[PDB]
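Okay, structure first, notes after.
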Amino acid sequence: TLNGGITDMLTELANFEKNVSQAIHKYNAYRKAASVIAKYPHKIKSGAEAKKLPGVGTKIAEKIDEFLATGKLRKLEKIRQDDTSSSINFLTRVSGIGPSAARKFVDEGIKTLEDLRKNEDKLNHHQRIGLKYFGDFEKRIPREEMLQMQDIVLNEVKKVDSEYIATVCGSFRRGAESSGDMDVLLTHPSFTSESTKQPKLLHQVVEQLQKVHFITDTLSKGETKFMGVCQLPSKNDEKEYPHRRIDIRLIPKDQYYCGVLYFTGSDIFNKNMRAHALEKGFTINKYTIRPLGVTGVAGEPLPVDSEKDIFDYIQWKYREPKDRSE
DNA sequence: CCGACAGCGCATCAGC
DNA sequence: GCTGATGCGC
DNA sequence: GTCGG
Ligand code: NA
Ligand code: NA
């Protein structure tokens with residue numbers, strides 16, 4: 001309400017940079033501007049005011065001046081009207097159709113879901129699945145269903161092998177009221193850094209979840225990452241739930257908690273902890289925390305047996321996932 | 001004035 | 001057949 | 001597009 005007109009503007013501009021211009025850094029640029037503006041607790045009155053925010057520069061300030069004085073942005077209006085650009089932008093909403101496939105399709109007259117349905121032979125497997133669940137995938141997942149999806153995932157994982165450790169991360173683990181998908185982090189004691197993976201630890205879990213008909217489709221699957229589709233069993237009385245996106249990553253046990261830390265987020269929080277970790281003389285990524293020598297050389301990964309272990313290393317009090325908004 | 005902006009697993013394409 | 005590049009999603 | 005070396 002404060003600046004929703006501005007952030008919608010910037011978001012639309014962002015999508016067009018990503019899907020049509022293929023300028024991924026401009027996409028993140030506009031997105032970064034939209035975020036910071038979303039958090040500014042004042043109704044912006046001028047481009048110059050906005051420019052004071054980190055991530056808002058000259059150009060976006062000019063655009064805000066124009067939107068403020070007129071209620072629209074000329075570039076955006078033109079783009080909206082544009083047949084090619086809007087079709088290209090629309091097709092990328094299909095999972096598996098990126099900017100390049102979307103451009104190709106539109107070049108050959110394929111520009112609607114209907115056109116996609118009429119040329120299914122020109123779609124790979126991932127795209128067909130995305131096409132199939134176009135509507136369901138754009139739906140959000142209420143926490144209540146996320147909790148009914150977790151039960152299922154934790155139950156069947158333990159059913160396969162009770163030494164398995166599984167953690168539903170993402171914004172769900174931070175307490176969020178809804179989710180966009182489900183991100184599962186999987187480990188097993190038999191799988192470590194310098195070790196075997198019994199190259200079937202992941203497959204086994206994916207198989208069992210297919211068995212009880214939770215996982216309904218597969219977008220991709222290897223020895224360490226599964227990307228797929230799942231669906232809560234329908235009540236017997238009422239509407240069947242929409243199909244959801246689920247990812248499952250098998251991680252080495254000695255890297256599990258760094259992984260859980262990282263995929264729990266949030267992104268802002270990961271930025272801070274890693275920045276703090278550096279100032280404290282540690283380097284933190286997805287996999288490990290390592291000490292930094294005097295000449296800047298990273299030593300071997302330190303032992304980690306919980307999220308808290310990491311916090312202790314960099315001398316900060318353990319923060320609850322609920323409190324990692326930033 | 002100009003390069004960074006995250007980077008990696010998996011599917012599939014390009015090319016040998 | 002293979003390796004390496006690209007597209008994609010996260 | 002924005003930031004910063
Ligand atoms: Na700024
Ligand atoms: Na897409």
Side-chain angles (χ1 to χ4, degrees), chain A residues 6 9-19 21-37 47 50-64 73 75-76 88 91-105 121-131 133 137-138 168-172 179-186 199 201-203 206 217-229 244-252 255 258-259 262-268 270-271 273-275 283-288:
Chain A
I6 298 183
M9 171 179 83
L10 296 180
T11 291
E12 213 177 319
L13 286 170
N15 293 334
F16 283 113
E17 297 295 345
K18 172 166 74 81
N19 306 325
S21 286
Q22 281 173 72
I24 187 55
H25 306 298
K26 286 195 185 181
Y27 159 81
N28 289 312
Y30 275 114
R31 203 148 83 116
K32 186 181 166 192
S35 295
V36 69
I37 286 178
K51 200 169 192 307
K52 301 201 291 177
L53 303 180
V56 176
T58 295
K59 297 287 218 63
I60 291 171
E62 289 172 28
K63 292 182 168 76
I64 289 166
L73 188 81
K75 258 196 32 185
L76 210 47
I88 287 181
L91 288 183
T92 62
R93 292 171 56 184
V94 190
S95 181
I97 292 181
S100 171
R103 169 76 150 231
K104 269 201 52 180
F105 287 135
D121 58 306
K122 297 160 177 280
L123 265 59
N124 61 34
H125 179 70
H126 182 151
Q127 289 156 345
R128 289 183 188 162
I129 294 178
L131 164 52
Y133 298 117
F137 283 179
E138 289 189 342
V168 177
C169 310
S171 77
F172 168 80
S179 296
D181 57 10
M182 170 166 285
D183 199 8
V184 179
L185 266 65
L186 179 62
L201 278 180
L202 182 47
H203 168 83
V206 172
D217 309 79
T218 305
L219 299 166
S220 60
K221 165 165 137 45
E223 295 175 20
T224 58
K225 186 171 75 165
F226 171 89
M227 304 174 70
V229 183
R244 310 301 195 176
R245 277 279 292 107
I246 178 177
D247 295 341
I248 304 160
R249 331 169 106 91
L250 180 74
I251 308 187
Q255 305 194 341
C258 290
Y262 179 86
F263 288 102
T264 298
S266 79
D267 287 317
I268 302 179
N270 282 335
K271 174 223 226 310
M273 192 177 189
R274 287 172 343 130
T283 175
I284 288 186
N285 53 25
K286 297 190 247 254
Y287 313 107
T288 52

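Below, chain A is the first sequence line, B the second, and so on; all start at residue 1. Side chains are part of it too, since the values below use all heavy atoms of this structure and drop only hydrogens, waters and symmetry mates.
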Specify the residue among A:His125 and A:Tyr287 whose closest nucleotide of DNA chain B lies further upstream toward the 5′ end.
-> A:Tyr287
Side chain proximity check, A:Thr58 to A:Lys51, heavy atoms < 4.5 angstrom | yes
For atom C1', what is the distance between B:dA6 and C:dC8, given to the nearest Å?
-> 15 Å
Could you give the distance from NZ (A:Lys225) to CD1 (A:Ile248), rounded to the nearest 0.5 Å?
-> 12.5 Å
What nucleotide, of B:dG7, D:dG1, B:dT12, holds the atom closest to the side chain of A:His25?
-> D:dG1
Touch check for A:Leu53, heavy atoms < 4.0 angstrom, all strands: base, sugar-phosphate only, or nothing?
-> sugar-phosphate
Rounded distance (Å) that lies between atom P of B:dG7 and atom NZ of A:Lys286 | 8 Å
What does A:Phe137 touch in the nucleic acid at a heavy-atom separation under 4.0 angstrom: a base, only the sugar-phosphate, or nothing?
-> nothing
For C:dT3, the Watson-Crick or wobble counterpart (both distances under 3.5 Å) | B:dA14
Let me know the distance between CE of A:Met227 and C1' of B:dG9, rounded to the nearest Å.
-> 9 Å
Look up atom CZ in A:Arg274 and atom NZ in A:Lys286, then write down how far apart they are to the nearest 0.5 Å.
-> 9.0 Å
A:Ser220 side-chain N/O to B:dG9 phosphate OP1/OP2 under 4.0 Å | no
Sugar conformation, D:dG1 - torsion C1'-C2'-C3'-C4' sign = south
Output for pair (A:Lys63 NZ, A:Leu73 CG), nearest 0.5 Å, gives 6.5 Å
Please check the phosphate of B:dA11 (OP1 and OP2 only) for any side-chain N or O of A:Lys221 closer than 4.0 Å.
-> no
So where does chain A start and stop touching DNA chain C, 5' to 3', when the test is distance under 4.0 Å to a non-hydrogen atom?
-> C:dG7 to C:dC10
Quick one: label A:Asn124 by what it contacts on the DNA or RNA (base, sugar-phosphate, nothing), any heavy atom closer than 4.0 Å.
-> sugar-phosphate
Please check if atom CZ in A:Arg249 has more than 12 non-hydrogen atoms from other residues, nucleotides or ligands closer than 6.0 Å.
-> yes
Considering only side-chain heavy atoms of A:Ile60, which listed nucleotide, B:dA6, D:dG1, B:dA11, is closest?
-> D:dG1
Check every strand shown and say whether A:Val36 touches a base, only sugar-phosphate, or nothing at a heavy-atom separation below 4.0 Å.
-> nothing
Please lay out, stage by stage, how A:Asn270 and A:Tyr262 fare under the test side chain to side chain contact (heavy atoms under 4.5 Å, CB included).
-> CA-CA 7 Å; A:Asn270 282 335; A:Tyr262 179 86; 3.8 Å; yes
Is the B:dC5-B:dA6 step stacked (ring centres under 5.5 angstrom, plane angle under 30°)?
-> no
Closest-nucleotide 5' rank along DNA chain B - winner of A:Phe226 and A:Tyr262 = A:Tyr262
When you check the side-chain N and O atoms of A:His126 and A:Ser220, is any donor under 3.5 Å from an acceptor?
-> no
Selected nucleotide, minimal atom distance to A:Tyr30 side chain, candidates B:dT12, B:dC8, D:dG1 = D:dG1
Taken in chain and number order and not counting sequence neighbours, the residues that satisfy ring-ring contact (aromatic ring centres under 6.0 Å, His included) with A:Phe263 are none
In whole angstrom, what separates A:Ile24's CD1 from D:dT2's P?
-> 16 Å
Send over the distance from A:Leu219 CG to B:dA11 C1', rounded to a whole Å.
-> 11 Å
Round to a whole Å and report the spacing from CG of A:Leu123 to P of B:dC13.
-> 12 Å
Does the side chain of A:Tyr27 come under 3.5 Å of the side chain of A:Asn15 through a donor N or O and an acceptor N or O?
-> no
Assess whether side chain to side chain contact (heavy atoms under 4.5 Å, CB included) is satisfied between A:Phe172 and A:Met182, documenting all intermediate values.
-> CA-CA 8 Å; A:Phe172 168 80; A:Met182 170 166 285; 5.8 Å; no
Send over the distance from A:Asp183 CG to B:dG9 P, rounded to a whole Å.
-> 15 Å
Contact class for A:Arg245 vs. all strands (heavy atom < 4.0 Å): base, sugar-phosphate, or nothing?
-> sugar-phosphate
Sorted by number, the residues of residues 97-105 of chain A with heavy-atom contact under 4.0 Å to DNA chain C | A:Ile97, A:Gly98, A:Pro99, A:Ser100, A:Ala101
To the nearest angstrom, how far is A:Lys18 atom NZ from B:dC5 atom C1'?
-> 17 Å
Whole angstrom value for the distance that separates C1' of B:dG9 from CZ of A:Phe263 = 10 Å
Do any side-chain nitrogens or oxygens of A:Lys225 fall under 4.0 Å of OP1 or OP2 in B:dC10?
-> no
To the nearest 0.5 Å, atom CG of A:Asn19 lies from atom CD1 of A:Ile24 at 8.5 Å
Per the atom types in the model, does the base of D:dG1 pair as donor or acceptor with the side chain of A:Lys26 at under 3.5 Å?
-> no
